[PDB]
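Here the sequence shown stands for residues 97 to 197, 217 to 262, 278 to 359, 384 to 552, 566 to 574, 780 to 939, 976 to 1250, numbered as in the deposited numbering.
From the three backbone atoms N, C-alpha and C, an ideal C-beta is built for every residue, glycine too.
For reference, the structure discussed in these notes is given below.
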Amino acid sequence: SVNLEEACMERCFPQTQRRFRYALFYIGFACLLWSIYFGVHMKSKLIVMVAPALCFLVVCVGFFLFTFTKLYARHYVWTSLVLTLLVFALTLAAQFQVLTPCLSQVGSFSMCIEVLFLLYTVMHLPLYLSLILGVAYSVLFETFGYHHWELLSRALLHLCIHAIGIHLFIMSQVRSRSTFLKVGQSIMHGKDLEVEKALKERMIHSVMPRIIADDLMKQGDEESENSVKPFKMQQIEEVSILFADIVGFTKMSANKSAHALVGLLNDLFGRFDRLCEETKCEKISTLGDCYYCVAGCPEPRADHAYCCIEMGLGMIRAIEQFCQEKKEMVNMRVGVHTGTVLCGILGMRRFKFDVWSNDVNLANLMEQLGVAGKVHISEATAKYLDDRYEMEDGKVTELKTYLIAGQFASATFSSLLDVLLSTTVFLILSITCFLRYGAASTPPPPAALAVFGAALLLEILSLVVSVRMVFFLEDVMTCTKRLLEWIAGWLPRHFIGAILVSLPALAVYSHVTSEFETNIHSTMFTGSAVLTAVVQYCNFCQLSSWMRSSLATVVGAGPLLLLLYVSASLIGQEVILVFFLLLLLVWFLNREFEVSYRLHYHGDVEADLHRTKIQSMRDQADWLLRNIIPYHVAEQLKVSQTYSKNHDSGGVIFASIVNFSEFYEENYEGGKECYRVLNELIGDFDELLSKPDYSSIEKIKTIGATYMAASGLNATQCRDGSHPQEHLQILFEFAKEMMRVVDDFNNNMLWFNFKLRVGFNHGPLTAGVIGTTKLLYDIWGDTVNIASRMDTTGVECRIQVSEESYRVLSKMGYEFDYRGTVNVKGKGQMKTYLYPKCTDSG
């Protein structure tokens, strides 16, 4: 991730800067304490040492204040480079003048070590370059110390110090990269999440008015949103139910492109939405040739009739400007009635907040008998119309009828590696201490080999724990580990790992069981041992911080204060002070590192949280879309802006509850108990669509007792084992199905049985989507209004199937009783067929 690993450092500068600075602080105190030794007791016979230390001090403080410089951005890698080169020079220069017998070589060694761990941590050197220059410094240091096996010992000291430092580098920078990538993912998750939220909100307000949508967006009732994974209805009265149905409708819909026609339609509909929003008139929808609105139902309005009729005149202006614009001989009849309407939301598929009354049906009948240019109004309209407009008693030419016309890197991963490393290095520790015996083929002390093997097996058992945990080999028994990990918790793991990391102290002490203080070679050698030992405790940064630190502290401390009284006098003082320094050093280092680990944990949590949140949000939005849109069109707009297509043969069935409005009887608060029961049976019909064979059944929409279905539409590819016109058969299957369903629901309908009439047709039709920044998608064609009047002229318990639909369904196993010949507007007296073969009388 080249430019991305670049961005890492782009943001990951300040931590490196501050760590560098505190390391500088360390170095300063280091040369400080060297000087205070060499000035207090010994080496006061030559002051050529304090001057190098002090010029080191001054160049380090120059680093200190220069770090803040503006020209420090890309000016840091080679900075670390030159600085550590400097430090190396100081070390070896102080180192050479030795091998006289007055002072320990390990002091220089100790420096070399802590130096190189600093070089490790903050310098952020190239993996290979870091390693190689480090090991180079190591080897040149051990060589220049030369002025049969002790040298090999010091060498292994180098090697272990390498291994620890190098792993520390690798884990630190993988921590960096991982945390960087993770926080990036988190913020991108936040952003595309709120994007998803905005999108689903667009979908909400496109399927719910601002009043009710904004009501549900504070989730007053959480059961609504639980269903989204709870309906309130209001008998809002004194509202203006307004309709407008296209005249010249079937005409203008004769020979268009079947797509651009929809386009100009949607254009006019944007005009009409403008009219709604300007007149504060709450539009409802469009049923084929007929657009419709109410006027301020949720926000109750009194001049609702006024803005109603003024928006009507506005739409009149719109249609005139368009028909004179697109050169069309088209208009639309208009019809409005006012009064009471109970409004609410039922249904779980393609459903909506809608409205119900006979005032609705009154405006409906008046509109179908209405004329373009003069809205057909009733008395309830004219009663507070106040006739400030072009009132006209427009009588029906065939009921108070009027007209108006104007005016990687996991937690175990880490423990895996660090355990492995602790093990191997404690083993090379063991090699080192052992090889004290070079000629003594027999080892006198038994504790050495004893606890050697002991710690060895402890390491190997922790090893196999880790390796069969990760690799999942499961030789003996796996449920064992399952019950076993339950005991390894945040603190138990703490103490066990504490033992594991603390052991090398007693490991080297097994050799301390032997007499040493006589042999100062042995003495200083053991000092080298114990310091090279304490170096490691910075390792398991997944473990304790405060307790880990204190542990390393006391374990380094104790035995040396013991040797203080076990006696080569003031060299104890100097070594204990250097231990003090390196103590506070590693203290704050692994402090920083465990802190980085803490923040990694933290950010990990919240990032996965955001992932889950946007997952849920996206999924809920998609669920809502599937409520509101089909799939093929989801693909169409997923790739385009719109879609429309003349589908020349599909079925269409309409179902209307005959005895609804009477057992609707309004003794109650609108009888909305009955409306609860209606949402019950509606959800039952949704279950009906929830059938797999009823996946290809396109339930279009509904208006209270209305129900609209059509198929042969998403049937875009017909396979050989499928007939292109079978969908009518499964549609009629669904018809008899829902008949059975209402029959069963009636048995549970308390002291009542609801009945419905149904009318069917099939043939020509055309799909097209409307809403952009809105959402409306509908089908049209003569088939629509044909089945409309069919169900309109129907009778319950009998299935009025049109002539040609009767024919095409009879050959598919359905037996129809010839109802008769009924007038169809646009078709005149049309031959009709009920399905049930005298299930009723006949």
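Where residue i falls, given that 16 or more other Cβ within 10 Å makes a residue buried
i            : result
residue 977  : exposed
residue 469  : buried
residue 1189 : buried
residue 1246 : exposed
residue 1107 : buried
residue 1117 : buried
residue 166  : exposed
residue 459  : buried
residue 420  : buried
residue 1151 : exposed
residue 518  : buried
residue 1075 : exposed
residue 1221 : exposed
residue 1243 : buried
residue 478  : exposed
residue 1212 : exposed
residue 919  : exposed
residue 251  : exposed
residue 916  : buried
Bridge partners - residue i, DSSP secondary structure assignment
i            : result
residue 827  : According to DSSP, which records beta bridges pairwise, residue 827 is partnered with nothing at all.
residue 570  : 530, 546
residue 1053 : 1175
residue 437  : 447
residue 398  : 445, 488
residue 1188 : 1174
residue 1210 : 1240
residue 1062 : 1116, 1167
residue 496  : 389, 510
residue 1204 : 1165
residue 463  : Answer by DSSP bridge pairing: none, since residue 463 is not bridged.
residue 1105 : 1119
Nearest-angstrom Cβ-Cβ length linking residue i and residue j, presumed shorter than 8 Å
i            : j            : result
residue 923  : residue 874  : 6 Å
residue 160  : residue 117  : 6 Å
residue 903  : residue 122  : No, residue 903 and residue 122 are not in contact; Cβ-Cβ is about 16 Å, not under 8 Å.
residue 538  : residue 573  : No, residue 538 and residue 573 are not in contact; Cβ-Cβ is about 18 Å, not under 8 Å.
residue 333  : residue 1173 : Contact doesn't hold; Cβ gap of about 26 Å is too wide.
residue 120  : residue 156  : 5 Å
residue 1029 : residue 330  : 4 Å
residue 1138 : residue 1101 : 6 Å
residue 418  : residue 480  : 6 Å
Residue range of the unbroken alpha helix (DSSP H) whose run includes residue i
i            : result
residue 191  : 173 to 192
residue 322  : 280 to 335
residue 525  : Careful: residue 525 lies outside any alpha helix (DSSP H) and carries neither H nor E.
residue 898  : 892 to 906
residue 1091 : 1080 to 1097
residue 135  : 109 to 136
residue 245  : 242 to 259
residue 1067 : From DSSP, residue 1067 is part of no alpha helix (DSSP H); its letter is neither H nor E.
residue 340  : 340 to 347
residue 150  : 146 to 162
residue 353  : 352 to 358
residue 274  : What the structure lacks is residue 274: the chain is numbered 262, then 278, with the residues between left out.
residue 406  : 403 to 406
residue 223  : 220 to 236
Element boundaries [beta strand (DSSP E), containing residue i]
i            : result
residue 1227 : 1225 to 1232
residue 938  : Run containing residue 938: none; DSSP gives neither H nor E here.
residue 508  : 507 to 510
Whole runs of the beta strand (DSSP E) within the region 1108 to 1179, excluding any shorter than 3 residues:
You should have 1116 to 1119, 1164 to 1177.
Please specify which runs of the alpha helix (DSSP H), each continuous and at least 4 residues long, are wholly inside the region 814 to 887, giving them in chain order.
Whole alpha helix (DSSP H) segments, 4+ residues: 818 to 843, 850 to 857, 862 to 874, 876 to 884.
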